[PDB]
């Protein structure tokens, strides 16, 4: 679709990204001196239309309450329709955190960068939580750098060239799943590797499912890989039990997902091929730590609080933002 011209001013010059919903494109703005914007072009399909209108209503609310994006939600510039596609015009951001890690060889972020990015993610999502909103789809693809300009130094430790961001500031994108407290809550939310246990067990969810997602994002930034390399619900739960310990009995008793359980325990054979896979790939959370220094211990203390099984006990982002992991920032 490159060369197409939206609303008689936006010329598509590149695809930034692609999704169930449609795509995000980079356009030249012929009416603002040629400067570049992002345009989300949503498929001409009811469910994607409804989610785009929902996203526009959330962005009008967020952009009105916080017009300078103090809380780091992407800025919507305008919206329109084009051949029955809803088009949302955004400030042009740089790469996703995912694309950055990928283009760098799945080398993790330095702890100092993770500290800054985690703070900003927590500050951004807490702003939603303060406005009776839950994002529901937090993942590294939905966390974008403001500018993804980097320097390169040879790193003798790894014997190769690595990229360090000049500025690691981020914004949160994709409000098409965002849900107000008083609205219908989808049965299934989140991308699987970031999905909270109350979602897998169909117990109901609210703001704390976002906190679980953030805890999984921080592990990936720290390791460069997920600790949940799965595409199966029961196996995902077996992996949580290996990393975090047994599920709470009250959550097992409450679930109607009876296929995952035998008696009141996960129906999981550690001696099966899948069982060996989970035993090989997954291990107690603190075993993933690359260093024993206090900075590392405090990140893992935060992570473990975010990956509390019981969403009623899980750390809130208001409590996260005061975690000692974040002092070296103030």
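Numbering follows the first chain given and starts at 1.
**Q** Select between 157 to 165 and 179 to 187 the stretch whose C-alpha atoms have the higher average B-factor in the entry.
**A** According to the entry, 157 to 165 carries the higher average C-alpha B-factor.
**Q** Of the two stretches 6 to 14 and 315 to 323, which shows the higher Cα B-factor on average in the entry?
**A** On average, C-alpha B-factors are higher across 6 to 14.
**Q** Choose from 59, 45, 39, 52 the residue with the greatest Cα B-factor as stated in the PDB record.
**A** Spelled out: the listed residue with the top C-alpha B-factor is 45.
**Q** Based on the PDB record, which member of 112, 198, 210, 220 exhibits the highest Cα temperature factor?
**A** Each of 112, 198, 210, 220 was compared by C-alpha B-factor; the highest is 112.
**Q** Going by the entry, which third of its chain does the Cα temperature factor of residue 215 land in?
**A** Lowest third.
**Q** Hey, what third does residue 99 fall into on Cα B-factor, ranked over its chain?
**A** For residue 99, whose C-alpha B-factor we compare with every modelled residue in the chain, the answer is the middle third.
**Q** Would you check the entry's CA temperature factor for residue 29 and let me know if it's in the chain's lowest, middle or highest third?
**A** Middle third, going by the recorded CA B-factors of the chain.
**Q** Can you work out whether the C-alpha temperature factor of residue 140 puts it in the lowest, middle or highest third of the chain?
**A** Lowest third - that is where residue 140 ends up once the chain's C-alpha B-factors are sorted.
**Q** What third of its chain's C-alpha B-factors does residue 276 belong to: lowest, middle or highest?
**A** Its C-alpha B-factor belongs to the lowest third of this chain's values.
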